[PDB]
$ cat target34.cif   # mmCIF, C-alpha atoms and all ligand atoms; chains and numbers go by the auth columns
data_run
loop_
_atom_site.group_PDB
_atom_site.id
_atom_site.type_symbol
_atom_site.label_atom_id
_atom_site.label_comp_id
_atom_site.label_asym_id
_atom_site.label_seq_id
_atom_site.Cartn_x
_atom_site.Cartn_y
_atom_site.Cartn_z
_atom_site.B_iso_or_equiv
_atom_site.auth_seq_id
_atom_site.auth_asym_id
ATOM 1 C CA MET A 1 74.860 196.744 15.753 0.00 113 A
ATOM 2 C CA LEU A 2 73.196 194.080 13.616 0.00 114 A
ATOM 3 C CA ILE A 3 73.271 194.530 9.845 0.00 115 A
ATOM 4 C CA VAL A 4 70.024 195.959 8.441 0.00 116 A
ATOM 5 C CA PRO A 5 68.112 194.542 6.616 0.00 117 A
ATOM 6 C CA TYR A 6 68.208 191.640 9.063 0.00 118 A
ATOM 7 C CA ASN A 7 66.556 188.238 8.660 0.00 119 A
ATOM 8 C CA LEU A 8 65.500 186.424 11.830 0.00 120 A
ATOM 9 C CA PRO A 9 64.482 182.804 11.098 0.00 121 A
ATOM 10 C CA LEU A 10 61.347 181.690 12.968 0.00 122 A
ATOM 11 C CA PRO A 11 61.844 177.895 13.069 0.00 123 A
ATOM 12 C CA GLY A 12 58.606 176.104 12.310 0.00 124 A
ATOM 13 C CA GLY A 13 56.806 179.408 11.897 0.00 125 A
ATOM 14 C CA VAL A 14 54.943 181.259 14.582 0.00 126 A
ATOM 15 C CA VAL A 15 52.435 179.945 17.110 0.00 127 A
ATOM 16 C CA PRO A 16 50.318 181.550 19.848 0.00 128 A
ATOM 17 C CA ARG A 17 52.456 182.460 22.901 0.00 129 A
ATOM 18 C CA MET A 18 55.534 183.206 20.785 0.00 130 A
ATOM 19 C CA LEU A 19 56.913 186.646 21.679 0.00 131 A
ATOM 20 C CA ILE A 20 59.268 188.414 19.259 0.00 132 A
ATOM 21 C CA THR A 21 61.312 191.333 20.629 0.00 133 A
ATOM 22 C CA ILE A 22 63.101 193.918 18.475 0.00 134 A
ATOM 23 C CA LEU A 23 65.426 196.432 20.169 0.00 135 A
ATOM 24 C CA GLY A 24 66.898 199.330 18.250 0.00 136 A
ATOM 25 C CA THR A 25 67.284 203.070 17.883 0.00 137 A
ATOM 26 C CA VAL A 26 65.614 205.169 15.221 0.00 138 A
ATOM 27 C CA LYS A 27 68.097 207.017 13.036 0.00 139 A
ATOM 28 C CA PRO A 28 67.956 210.825 12.962 0.00 140 A
ATOM 29 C CA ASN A 29 65.578 212.137 10.293 0.00 141 A
ATOM 30 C CA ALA A 30 64.174 208.641 9.764 0.00 142 A
ATOM 31 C CA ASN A 31 61.758 207.991 6.922 0.00 143 A
ATOM 32 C CA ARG A 32 60.466 204.439 7.458 0.00 144 A
ATOM 33 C CA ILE A 33 60.939 201.291 9.528 0.00 145 A
ATOM 34 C CA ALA A 34 59.543 197.904 8.528 0.00 146 A
ATOM 35 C CA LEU A 35 58.918 194.517 10.097 0.00 147 A
ATOM 36 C CA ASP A 36 57.949 191.811 7.583 0.00 148 A
ATOM 37 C CA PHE A 37 56.721 188.473 8.949 0.00 149 A
ATOM 38 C CA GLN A 38 57.072 186.335 5.840 0.00 150 A
ATOM 39 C CA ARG A 39 55.594 183.067 4.567 0.00 151 A
ATOM 40 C CA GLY A 40 57.894 182.441 1.633 0.00 152 A
ATOM 41 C CA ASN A 41 57.383 185.400 -0.706 0.00 153 A
ATOM 42 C CA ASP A 42 54.136 186.341 1.032 0.00 154 A
ATOM 43 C CA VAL A 43 54.142 188.884 3.856 0.00 155 A
ATOM 44 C CA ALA A 44 51.728 187.701 6.528 0.00 156 A
ATOM 45 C CA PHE A 45 52.174 190.846 8.633 0.00 157 A
ATOM 46 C CA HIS A 46 53.901 194.034 7.448 0.00 158 A
ATOM 47 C CA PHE A 47 54.318 196.651 10.205 0.00 159 A
ATOM 48 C CA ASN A 48 55.517 199.929 8.688 0.00 160 A
ATOM 49 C CA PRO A 49 56.026 203.121 10.714 0.00 161 A
ATOM 50 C CA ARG A 50 56.204 206.043 8.272 0.00 162 A
ATOM 51 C CA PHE A 51 57.730 209.225 9.686 0.00 163 A
ATOM 52 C CA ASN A 52 56.674 211.590 6.906 0.00 164 A
ATOM 53 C CA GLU A 53 53.650 210.659 4.831 0.00 165 A
ATOM 54 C CA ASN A 54 52.348 214.060 3.752 0.00 166 A
ATOM 55 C CA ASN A 55 53.934 215.568 6.895 0.00 167 A
ATOM 56 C CA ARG A 56 52.123 213.117 9.186 0.00 168 A
ATOM 57 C CA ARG A 57 53.391 210.088 11.091 0.00 169 A
ATOM 58 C CA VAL A 58 51.426 206.862 10.672 0.00 170 A
ATOM 59 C CA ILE A 59 51.918 203.126 11.082 0.00 171 A
ATOM 60 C CA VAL A 60 50.760 201.163 8.031 0.00 172 A
ATOM 61 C CA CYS A 61 50.047 197.442 8.439 0.00 173 A
ATOM 62 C CA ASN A 62 49.185 195.062 5.614 0.00 174 A
ATOM 63 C CA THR A 63 49.576 191.606 4.062 0.00 175 A
ATOM 64 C CA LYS A 64 51.150 190.755 0.694 0.00 176 A
ATOM 65 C CA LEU A 65 49.762 187.691 -1.119 0.00 177 A
ATOM 66 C CA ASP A 66 51.068 186.517 -4.500 0.00 178 A
ATOM 67 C CA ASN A 67 52.974 189.830 -4.771 0.00 179 A
ATOM 68 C CA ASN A 68 49.830 191.970 -4.156 0.00 180 A
ATOM 69 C CA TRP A 69 49.321 194.232 -1.152 0.00 181 A
ATOM 70 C CA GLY A 70 45.902 194.009 0.460 0.00 182 A
ATOM 71 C CA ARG A 71 43.807 196.496 2.397 0.00 183 A
ATOM 72 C CA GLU A 72 45.949 198.684 4.653 0.00 184 A
ATOM 73 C CA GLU A 73 45.205 199.041 8.358 0.00 185 A
ATOM 74 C CA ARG A 74 46.409 202.411 9.637 0.00 186 A
ATOM 75 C CA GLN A 75 47.242 203.495 13.196 0.00 187 A
ATOM 76 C CA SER A 76 47.830 207.173 13.945 0.00 188 A
ATOM 77 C CA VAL A 77 49.193 206.520 17.442 0.00 189 A
ATOM 78 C CA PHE A 78 52.913 206.762 16.774 0.00 190 A
ATOM 79 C CA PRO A 79 55.282 205.996 19.664 0.00 191 A
ATOM 80 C CA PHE A 80 58.537 206.158 17.677 0.00 192 A
ATOM 81 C CA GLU A 81 60.798 209.213 17.667 0.00 193 A
ATOM 82 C CA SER A 82 63.796 209.918 15.455 0.00 194 A
ATOM 83 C CA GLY A 83 67.005 209.424 17.376 0.00 195 A
ATOM 84 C CA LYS A 84 65.460 207.449 20.255 0.00 196 A
ATOM 85 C CA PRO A 85 65.750 203.808 21.407 0.00 197 A
ATOM 86 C CA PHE A 86 62.671 201.627 21.172 0.00 198 A
ATOM 87 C CA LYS A 87 61.434 198.144 21.979 0.00 199 A
ATOM 88 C CA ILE A 88 58.886 196.420 19.761 0.00 200 A
ATOM 89 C CA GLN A 89 57.234 193.319 21.206 0.00 201 A
ATOM 90 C CA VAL A 90 55.071 191.236 18.883 0.00 202 A
ATOM 91 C CA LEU A 91 53.074 188.594 20.748 0.00 203 A
ATOM 92 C CA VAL A 92 51.398 185.972 18.593 0.00 204 A
ATOM 93 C CA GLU A 93 47.858 185.327 19.821 0.00 205 A
ATOM 94 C CA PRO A 94 45.207 182.931 18.421 0.00 206 A
ATOM 95 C CA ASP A 95 43.429 185.602 16.334 0.00 207 A
ATOM 96 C CA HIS A 96 46.043 188.342 15.859 0.00 208 A
ATOM 97 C CA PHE A 97 49.542 189.663 16.222 0.00 209 A
ATOM 98 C CA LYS A 98 49.540 191.937 19.290 0.00 210 A
ATOM 99 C CA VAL A 99 52.119 194.750 19.174 0.00 211 A
ATOM 100 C CA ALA A 100 53.403 196.784 22.116 0.00 212 A
ATOM 101 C CA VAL A 101 56.062 199.490 21.826 0.00 213 A
ATOM 102 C CA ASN A 102 58.066 200.565 24.865 0.00 214 A
ATOM 103 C CA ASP A 103 55.802 198.375 27.044 0.00 215 A
ATOM 104 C CA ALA A 104 52.580 200.103 25.898 0.00 216 A
ATOM 105 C CA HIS A 105 50.036 198.282 23.766 0.00 217 A
ATOM 106 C CA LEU A 106 49.923 199.784 20.277 0.00 218 A
ATOM 107 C CA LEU A 107 47.780 197.705 17.905 0.00 219 A
ATOM 108 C CA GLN A 108 46.513 194.260 16.976 0.00 220 A
ATOM 109 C CA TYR A 109 46.512 192.784 13.467 0.00 221 A
ATOM 110 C CA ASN A 110 44.085 189.965 12.704 0.00 222 A
ATOM 111 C CA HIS A 111 45.588 186.897 11.037 0.00 223 A
ATOM 112 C CA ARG A 112 44.953 186.942 7.298 0.00 224 A
ATOM 113 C CA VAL A 113 47.525 184.246 6.594 0.00 225 A
ATOM 114 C CA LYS A 114 46.161 181.169 8.361 0.00 226 A
ATOM 115 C CA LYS A 115 49.192 178.845 8.172 0.00 227 A
ATOM 116 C CA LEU A 116 51.016 180.326 11.138 0.00 228 A
ATOM 117 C CA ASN A 117 53.559 177.504 11.174 0.00 229 A
ATOM 118 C CA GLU A 118 54.699 178.582 7.689 0.00 230 A
ATOM 119 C CA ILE A 119 55.446 182.212 8.685 0.00 231 A
ATOM 120 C CA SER A 120 59.075 181.300 9.135 0.00 232 A
ATOM 121 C CA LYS A 121 61.074 184.510 8.683 0.00 233 A
ATOM 122 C CA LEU A 122 61.051 188.020 10.123 0.00 234 A
ATOM 123 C CA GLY A 123 62.702 190.728 8.026 0.00 235 A
ATOM 124 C CA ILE A 124 63.684 193.940 9.816 0.00 236 A
ATOM 125 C CA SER A 125 64.527 196.930 7.628 0.00 237 A
ATOM 126 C CA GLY A 126 64.548 200.693 7.413 0.00 238 A
ATOM 127 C CA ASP A 127 66.050 203.649 9.206 0.00 239 A
ATOM 128 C CA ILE A 128 67.200 202.083 12.473 0.00 240 A
ATOM 129 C CA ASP A 129 70.283 200.976 14.298 0.00 241 A
ATOM 130 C CA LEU A 130 69.297 197.419 15.188 0.00 242 A
ATOM 131 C CA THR A 131 70.521 196.224 18.588 0.00 243 A
ATOM 132 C CA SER A 132 68.879 192.804 18.858 0.00 244 A
ATOM 133 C CA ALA A 133 66.107 190.627 17.486 0.00 245 A
ATOM 134 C CA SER A 134 64.990 187.535 19.352 0.00 246 A
ATOM 135 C CA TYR A 135 62.038 185.365 20.333 0.00 247 A
ATOM 136 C CA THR A 136 60.840 183.372 23.317 0.00 248 A
ATOM 137 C CA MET A 137 57.833 181.236 24.238 0.00 249 A
ATOM 138 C CA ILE A 138 55.801 182.701 27.105 0.00 250 A
HETATM 139 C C1 LIG B . 46.959 206.026 0.950 0.00 1 B
HETATM 140 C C2 LIG B . 47.495 204.734 0.273 0.00 1 B
HETATM 141 O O1 LIG B . 46.750 203.848 0.018 0.00 1 B
HETATM 142 N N1 LIG B . 48.947 204.603 -0.057 0.00 1 B
HETATM 143 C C3 LIG B . 49.445 203.345 -0.705 0.00 1 B
HETATM 144 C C4 LIG B . 50.833 203.097 -0.297 0.00 1 B
HETATM 145 O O2 LIG B . 50.872 202.940 1.163 0.00 1 B
HETATM 146 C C5 LIG B . 51.434 201.899 -1.007 0.00 1 B
HETATM 147 O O3 LIG B . 52.805 201.747 -0.627 0.00 1 B
HETATM 148 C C6 LIG B . 53.106 200.454 -0.223 0.00 1 B
HETATM 149 O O4 LIG B . 52.352 200.133 0.981 0.00 1 B
HETATM 150 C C7 LIG B . 52.669 198.752 1.447 0.00 1 B
HETATM 151 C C8 LIG B . 51.810 198.484 2.627 0.00 1 B
HETATM 152 O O5 LIG B . 50.490 198.517 2.177 0.00 1 B
HETATM 153 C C9 LIG B . 54.150 198.659 1.783 0.00 1 B
HETATM 154 O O6 LIG B . 54.460 199.572 2.860 0.00 1 B
HETATM 155 C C10 LIG B . 54.972 199.008 0.601 0.00 1 B
HETATM 156 O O7 LIG B . 56.386 199.007 0.955 0.00 1 B
HETATM 157 C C11 LIG B . 54.615 200.331 0.012 0.00 1 B
HETATM 158 N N2 LIG B . 55.316 200.457 -1.297 0.00 1 B
HETATM 159 C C12 LIG B . 56.118 201.652 -1.597 0.00 1 B
HETATM 160 C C13 LIG B . 56.841 201.752 -2.983 0.00 1 B
HETATM 161 O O8 LIG B . 56.209 202.536 -0.794 0.00 1 B
HETATM 162 C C14 LIG B . 51.339 202.120 -2.515 0.00 1 B
HETATM 163 C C15 LIG B . 51.859 200.944 -3.312 0.00 1 B
HETATM 164 O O9 LIG B . 51.144 199.773 -2.893 0.00 1 B
HETATM 165 O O10 LIG B . 49.935 202.347 -2.939 0.00 1 B
HETATM 166 C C16 LIG B . 49.318 203.490 -2.232 0.00 1 B
HETATM 167 O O11 LIG B . 49.964 204.643 -2.628 0.00 1 B
HETATM 168 CL CL CL B . 47.294 180.648 4.655 0.00 2 B
#

$ encode --input "target34.cif" --output "structure tokens"
Amino acid sequence: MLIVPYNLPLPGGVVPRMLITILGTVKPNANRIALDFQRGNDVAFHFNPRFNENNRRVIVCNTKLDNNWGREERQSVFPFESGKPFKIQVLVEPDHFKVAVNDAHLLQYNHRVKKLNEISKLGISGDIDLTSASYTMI
């Protein structure tokens, strides 16, 4: 198992047709998982499954600029389950990050950070056993 939190360098940032794949298993009684696509200290795309926000499960997505979180985008469709293996695929498209979980489309997140080639790290954190994190150009 990879050590969490895990940093995956994205050399030269991201670009349309880059596909990032995260394989792992949610811990029992998980609280949160997070993917942070970072541009330096900024977070271009934060993808944050929350397993117990007021006894509901929700995915919170956002951007952090100059240390300030912006307007959250919330998705109530929640494909993760404590104790179970998952696959997250993040496909960079011209206008958005497109996320599928377990081969089913989940959400899109419009690019707020415009300098895609400066989004050069992916941080993976939270209540998972992390099996692998990789990228490929499709
Ligand atoms: C309903 C609502 O607006 N809740 C927010 C809450 O989600 C937010 O918590 C932060 O949210 C960002 C994403 O927007 C990250 O997930 C942060 O990790 C998370 N910070 C903490 C300490 O959990 C807080 C703080 O911005 O403000 C509202 O409560
Ligand atoms: Cl930008």

$ closest_atom_pairs --input "target34.cif" --of "chain A" --to "ligand LIG 1 (chain B)" --cutoff "12 Å" --atoms "all atoms listed in the file" --output "CSV"
residue,atom,partner,partner_atom,distance
A:143,CA,B:LIG1,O8,11.0
A:144,CA,B:LIG1,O6,9.0
A:145,CA,B:LIG1,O6,9.5
A:146,CA,B:LIG1,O6,7.8
A:147,CA,B:LIG1,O6,9.9
A:148,CA,B:LIG1,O6,9.7
A:155,CA,B:LIG1,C8,10.0
A:156,CA,B:LIG1,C8,11.5
A:157,CA,B:LIG1,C8,9.7
A:158,CA,B:LIG1,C8,6.9
A:159,CA,B:LIG1,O6,7.9
A:160,CA,B:LIG1,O6,5.9
A:161,CA,B:LIG1,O6,8.8
A:162,CA,B:LIG1,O6,8.6
A:164,CA,B:LIG1,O2,11.9
A:165,CA,B:LIG1,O2,9.0
A:166,CA,B:LIG1,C1,10.1
A:170,CA,B:LIG1,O2,10.3
A:171,CA,B:LIG1,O6,9.3
A:172,CA,B:LIG1,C8,6.1
A:173,CA,B:LIG1,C8,6.2
A:174,CA,B:LIG1,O5,5.0
A:175,CA,B:LIG1,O5,7.2
A:176,CA,B:LIG1,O5,7.9
A:177,CA,B:LIG1,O5,11.3
A:179,CA,B:LIG1,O9,10.3
A:180,CA,B:LIG1,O9,8.0
A:181,CA,B:LIG1,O5,5.6
A:182,CA,B:LIG1,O5,6.7
A:183,CA,B:LIG1,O5,7.0
A:184,CA,B:LIG1,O5,5.2
A:185,CA,B:LIG1,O5,8.1
A:186,CA,B:LIG1,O5,9.4
A:237,CA,B:LIG1,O7,10.7
A:238,CA,B:LIG1,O7,10.5

$ residues_near_ligand --input "target34.cif" --ligand "ligand CL 2 (chain B)" --cutoff "10 Å" --atoms "all atoms listed in the file" --output "MDAnalysis selection string"
chainID A and resid 151 154 156 177 223:231

$ resolve_selection --input "target34.cif" --expression "the PyMOL selection byres (((chain A and resi 213) around 6) and not hetatm)" --output "list in words"
residues 199, 200, 212, 214, 215 and 216 of chain A

$ resolve_selection --input "target34.cif" --expression "the PyMOL selection byres (((chain A and resi 244) around 6) and not hetatm)" --output "number ranges by chain"
A: 134-135, 242-243, 245

$ resolve_selection --input "target34.cif" --expression "the PyMOL selection byres (((chain A and resi 219) around 9) and not hetatm)" --output "PyMOL selection string"
chain A and resi 187+189+209-212+217-218+220-221

$ atom_distance --input "target34.cif" --atom1 "CA of residue 247 (chain A)" --atom2 "CA of residue 190 (chain A)"
23.5 Å

$ closest_residue --input "target34.cif" --among "A:150, A:163, A:201, A:192" --to "residue 248 (chain A)" --atoms "all atoms listed in the file"
A:201

$ atom_distance --input "target34.cif" --atom1 "CA of residue 140 (chain A)" --atom2 "CA of residue 169 (chain A)"
14.7 Å

$ atom_distance --input "target34.cif" --atom1 "CA of residue 197 (chain A)" --atom2 "CA of residue 167 (chain A)"
22.1 Å

$ build_atoms --input "target34.cif" --residues "region 151-185 of chain A" --atoms "N, CA and C atoms" --output "PDB file, keeping the file's coordinate frame"
ATOM      1  N   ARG A 151      55.893 184.457   4.889  1.00  0.00           N
ATOM      2  CA  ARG A 151      55.594 183.067   4.567  1.00  0.00           C
ATOM      3  C   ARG A 151      56.071 182.897   3.130  1.00  0.00           C
ATOM      4  N   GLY A 152      57.296 182.409   2.959  1.00  0.00           N
ATOM      5  CA  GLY A 152      57.894 182.441   1.633  1.00  0.00           C
ATOM      6  C   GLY A 152      57.935 183.864   1.104  1.00  0.00           C
ATOM      7  N   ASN A 153      57.443 184.059  -0.128  1.00  0.00           N
ATOM      8  CA  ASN A 153      57.383 185.400  -0.706  1.00  0.00           C
ATOM      9  C   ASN A 153      56.218 186.221  -0.168  1.00  0.00           C
ATOM     10  N   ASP A 154      55.252 185.590   0.484  1.00  0.00           N
ATOM     11  CA  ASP A 154      54.136 186.341   1.032  1.00  0.00           C
ATOM     12  C   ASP A 154      54.558 187.039   2.314  1.00  0.00           C
ATOM     13  N   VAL A 155      53.935 188.184   2.590  1.00  0.00           N
ATOM     14  CA  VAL A 155      54.142 188.884   3.856  1.00  0.00           C
ATOM     15  C   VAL A 155      52.865 188.733   4.658  1.00  0.00           C
ATOM     16  N   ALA A 156      52.909 187.895   5.695  1.00  0.00           N
ATOM     17  CA  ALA A 156      51.728 187.701   6.528  1.00  0.00           C
ATOM     18  C   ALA A 156      51.385 188.961   7.310  1.00  0.00           C
ATOM     19  N   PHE A 157      52.398 189.664   7.808  1.00  0.00           N
ATOM     20  CA  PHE A 157      52.174 190.846   8.633  1.00  0.00           C
ATOM     21  C   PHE A 157      53.326 191.801   8.366  1.00  0.00           C
ATOM     22  N   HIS A 158      53.002 192.921   7.724  1.00  0.00           N
ATOM     23  CA  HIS A 158      53.901 194.034   7.448  1.00  0.00           C
ATOM     24  C   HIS A 158      53.524 195.137   8.425  1.00  0.00           C
ATOM     25  N   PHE A 159      54.502 195.610   9.195  1.00  0.00           N
ATOM     26  CA  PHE A 159      54.318 196.651  10.205  1.00  0.00           C
ATOM     27  C   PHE A 159      55.280 197.772   9.827  1.00  0.00           C
ATOM     28  N   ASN A 160      54.747 198.929   9.433  1.00  0.00           N
ATOM     29  CA  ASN A 160      55.517 199.929   8.688  1.00  0.00           C
ATOM     30  C   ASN A 160      55.306 201.334   9.241  1.00  0.00           C
ATOM     31  N   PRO A 161      56.026 201.709  10.298  1.00  0.00           N
ATOM     32  CA  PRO A 161      56.026 203.121  10.714  1.00  0.00           C
ATOM     33  C   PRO A 161      56.591 204.015   9.620  1.00  0.00           C
ATOM     34  N   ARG A 162      55.819 205.041   9.261  1.00  0.00           N
ATOM     35  CA  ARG A 162      56.204 206.043   8.272  1.00  0.00           C
ATOM     36  C   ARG A 162      56.290 207.392   8.973  1.00  0.00           C
ATOM     37  N   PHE A 163      57.468 208.007   8.930  1.00  0.00           N
ATOM     38  CA  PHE A 163      57.730 209.225   9.686  1.00  0.00           C
ATOM     39  C   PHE A 163      57.301 210.489   8.960  1.00  0.00           C
ATOM     40  N   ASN A 164      57.042 210.405   7.662  1.00  0.00           N
ATOM     41  CA  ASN A 164      56.674 211.590   6.906  1.00  0.00           C
ATOM     42  C   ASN A 164      55.862 211.190   5.690  1.00  0.00           C
ATOM     43  N   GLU A 165      54.601 210.870   5.909  1.00  0.00           N
ATOM     44  CA  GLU A 165      53.650 210.659   4.831  1.00  0.00           C
ATOM     45  C   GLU A 165      52.788 211.907   4.809  1.00  0.00           C
ATOM     46  N   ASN A 166      53.052 212.784   3.843  1.00  0.00           N
ATOM     47  CA  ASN A 166      52.348 214.060   3.752  1.00  0.00           C
ATOM     48  C   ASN A 166      52.437 214.837   5.066  1.00  0.00           C
ATOM     49  N   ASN A 167      53.627 214.829   5.669  1.00  0.00           N
ATOM     50  CA  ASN A 167      53.934 215.568   6.895  1.00  0.00           C
ATOM     51  C   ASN A 167      53.195 215.041   8.118  1.00  0.00           C
ATOM     52  N   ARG A 168      52.737 213.795   8.058  1.00  0.00           N
ATOM     53  CA  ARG A 168      52.123 213.117   9.186  1.00  0.00           C
ATOM     54  C   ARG A 168      52.883 211.829   9.453  1.00  0.00           C
ATOM     55  N   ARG A 169      52.773 211.341  10.681  1.00  0.00           N
ATOM     56  CA  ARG A 169      53.391 210.088  11.091  1.00  0.00           C
ATOM     57  C   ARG A 169      52.290 209.056  11.281  1.00  0.00           C
ATOM     58  N   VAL A 170      52.465 207.883  10.676  1.00  0.00           N
ATOM     59  CA  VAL A 170      51.426 206.862  10.672  1.00  0.00           C
ATOM     60  C   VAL A 170      52.098 205.505  10.582  1.00  0.00           C
ATOM     61  N   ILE A 171      51.490 204.513  11.221  1.00  0.00           N
ATOM     62  CA  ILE A 171      51.918 203.126  11.082  1.00  0.00           C
ATOM     63  C   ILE A 171      50.972 202.432  10.113  1.00  0.00           C
ATOM     64  N   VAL A 172      51.529 201.893   9.033  1.00  0.00           N
ATOM     65  CA  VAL A 172      50.760 201.163   8.031  1.00  0.00           C
ATOM     66  C   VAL A 172      51.017 199.678   8.223  1.00  0.00           C
ATOM     67  N   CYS A 173      49.945 198.893   8.355  1.00  0.00           N
ATOM     68  CA  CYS A 173      50.047 197.442   8.439  1.00  0.00           C
ATOM     69  C   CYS A 173      49.297 196.810   7.274  1.00  0.00           C
ATOM     70  N   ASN A 174      49.819 195.702   6.761  1.00  0.00           N
ATOM     71  CA  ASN A 174      49.185 195.062   5.614  1.00  0.00           C
ATOM     72  C   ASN A 174      49.726 193.647   5.460  1.00  0.00           C
ATOM     73  N   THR A 175      49.187 192.950   4.457  1.00  0.00           N
ATOM     74  CA  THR A 175      49.576 191.606   4.062  1.00  0.00           C
ATOM     75  C   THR A 175      49.810 191.616   2.558  1.00  0.00           C
ATOM     76  N   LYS A 176      50.832 190.889   2.112  1.00  0.00           N
ATOM     77  CA  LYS A 176      51.150 190.755   0.694  1.00  0.00           C
ATOM     78  C   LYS A 176      50.955 189.295   0.311  1.00  0.00           C
ATOM     79  N   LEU A 177      50.073 189.037  -0.654  1.00  0.00           N
ATOM     80  CA  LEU A 177      49.762 187.691  -1.119  1.00  0.00           C
ATOM     81  C   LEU A 177      49.978 187.639  -2.621  1.00  0.00           C
ATOM     82  N   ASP A 178      50.780 186.675  -3.075  1.00  0.00           N
ATOM     83  CA  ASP A 178      51.068 186.517  -4.500  1.00  0.00           C
ATOM     84  C   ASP A 178      51.545 187.829  -5.119  1.00  0.00           C
ATOM     85  N   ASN A 179      52.358 188.566  -4.367  1.00  0.00           N
ATOM     86  CA  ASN A 179      52.974 189.830  -4.771  1.00  0.00           C
ATOM     87  C   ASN A 179      52.023 191.025  -4.743  1.00  0.00           C
ATOM     88  N   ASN A 180      50.813 190.890  -4.199  1.00  0.00           N
ATOM     89  CA  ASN A 180      49.830 191.970  -4.156  1.00  0.00           C
ATOM     90  C   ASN A 180      49.567 192.399  -2.717  1.00  0.00           C
ATOM     91  N   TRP A 181      49.707 193.693  -2.447  1.00  0.00           N
ATOM     92  CA  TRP A 181      49.321 194.232  -1.152  1.00  0.00           C
ATOM     93  C   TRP A 181      47.804 194.269  -1.025  1.00  0.00           C
ATOM     94  N   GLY A 182      47.318 193.979   0.170  1.00  0.00           N
ATOM     95  CA  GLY A 182      45.902 194.009   0.460  1.00  0.00           C
ATOM     96  C   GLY A 182      45.451 195.348   0.999  1.00  0.00           C
ATOM     97  N   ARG A 183      44.389 195.307   1.790  1.00  0.00           N
ATOM     98  CA  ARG A 183      43.807 196.496   2.397  1.00  0.00           C
ATOM     99  C   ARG A 183      44.652 196.932   3.587  1.00  0.00           C
ATOM    100  N   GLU A 184      45.118 198.180   3.568  1.00  0.00           N
ATOM    101  CA  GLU A 184      45.949 198.684   4.653  1.00  0.00           C
ATOM    102  C   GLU A 184      45.122 198.908   5.910  1.00  0.00           C
ATOM    103  N   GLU A 185      45.741 198.655   7.060  1.00  0.00           N
ATOM    104  CA  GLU A 185      45.205 199.041   8.358  1.00  0.00           C
ATOM    105  C   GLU A 185      46.141 200.095   8.933  1.00  0.00           C
TER     106      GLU A 185
END
